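Nothing in this text is a laboratory measurement; each read-out follows from the coordinates by a stated rule. A quick note on method: Cβ atoms are made from the backbone with ideal geometry, for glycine too, and the neighbour counts reach across all protein chains shown.
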Amino acid sequence: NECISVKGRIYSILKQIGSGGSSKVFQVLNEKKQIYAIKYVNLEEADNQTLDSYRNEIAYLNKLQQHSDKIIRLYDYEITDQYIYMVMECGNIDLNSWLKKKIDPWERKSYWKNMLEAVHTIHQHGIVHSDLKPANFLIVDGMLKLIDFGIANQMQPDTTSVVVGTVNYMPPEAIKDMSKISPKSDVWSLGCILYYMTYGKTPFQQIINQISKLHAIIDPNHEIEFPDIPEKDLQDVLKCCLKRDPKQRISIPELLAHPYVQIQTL
Ligand SMILES: COc1cc(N2CCCC2=O)ccc1Nc1nc(NC2CCCCC2)c2c(C#N)c[nH]c2n1
């Protein structure tokens, strides 16, 4: 029965999808019984940094949905000094949750097109995400749609039996730069996702120790395995995305002219 009004519309809370720092996301129904997601942010306590991060996400979300429908839509929002409410397109599920249920080749290359389109358009407006991973994409309408820009607070799914970030998607440049960053590091992370989507695992999901994992990612003399497969253009895509040198890695504009994307059958 718990409810939320935003501007002058009432919405019913079916459940809570997820939560993060000071944020919650709810699955809700509007008055005419249509389904939406609402993100809630409690601003009561909040640095001037995160305030600006939350303001920055809303503006980019509003700016970017005009240019692609592979970005989750922001329909309405309400922002005061105390709270934010954001009424948004509601996904069926996030791609990370879904991948952990163990893909038709054609759904896989359609999803890939979806991700490139979304990441390409945020690149055209000056954003490099930097921490792309499956959780950033939502399945809706049989498509993948991007939900974050790396900018704001990364939330996590709520379970109903209560229970930690991943690192399998981090590009080599990010690691070696602990001692601005390229559009090319989003290519790395997308390759890991596509790799996962094709070989059932991320390129270093075996190295269960995390510092030896970090070293593999950066190691020139540590080969990534690309088992032969029927779709050889999919093999090529993975090979070029997962080049360690960002300068030699394939770019998004190149990926969009690649045969895996352009020739429509396997
Ligand atoms: C019923 O919908 C879902 C269900 C589930 N899950 C996961 C496992 C079990 C389950 O049911 C996952 C996502 C959705 N849909 C959905 N989630 C969103 N956020 C989640 C938060 C936690 C991290 C992922 C993204 C948003 C959003 C924002 N911000 C704008 N629109 C959205 N839509």
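Summary table below
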| quantity | calculated |
| --- | --- |
| Positive-pole candidate from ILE208, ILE151, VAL164, dipole of the range 136-266, charges at beta carbon | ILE151 |
| Centroid-to-centroid separation of the range 167-209 and the range 111-141 [C-alpha atoms, Å] | 15 |
| Test item: Cα-centred dipole of the range 37-116, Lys/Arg +1 and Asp/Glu -1 on Cβ, debye | 780 |
| Charge dipole magnitude, Cβ of K and R +1, D and E -1 - the range 93-266, Cα centre, debye nearest 20 | 160 |
| Under the Karplus curve 6.51 cos²θ - 1.76 cosθ + 1.60, θ = phi - 60°, whole-Hz ³J(HN,Hα) for the range 260-266, x wherever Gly or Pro sits | 3, 7, 8, 7, 8, 10, 1 |
| Cross-link table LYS24/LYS180; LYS32/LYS133; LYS24/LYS100, entries beyond 25 Å C-alpha to C-alpha | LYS24/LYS180; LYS32/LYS133 |
| Extreme residue, positive dipole direction of the chain, given options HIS125, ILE35, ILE103 (C-beta unit charges) | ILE103 |
| Cα-based convex hull, the chain, per residue volume (Å³, whole number) | 156 |
| Under 5 Å, built H, 5+ apart or other chain: amide partners of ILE93 | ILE139 |
| Cα gyration tensor category, rounded, prolate or oblate, for the range 195-266 with a/c compared to 1.5 | oblate |
| Residues whose placed amide H lies under 5 Å from that of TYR77, excluding near-sequence neighbours | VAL87 |
| Nonlocal amide H pairs with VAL25, under 5 Å, H built at 1.01 Å | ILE17, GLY18, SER19, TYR40 |
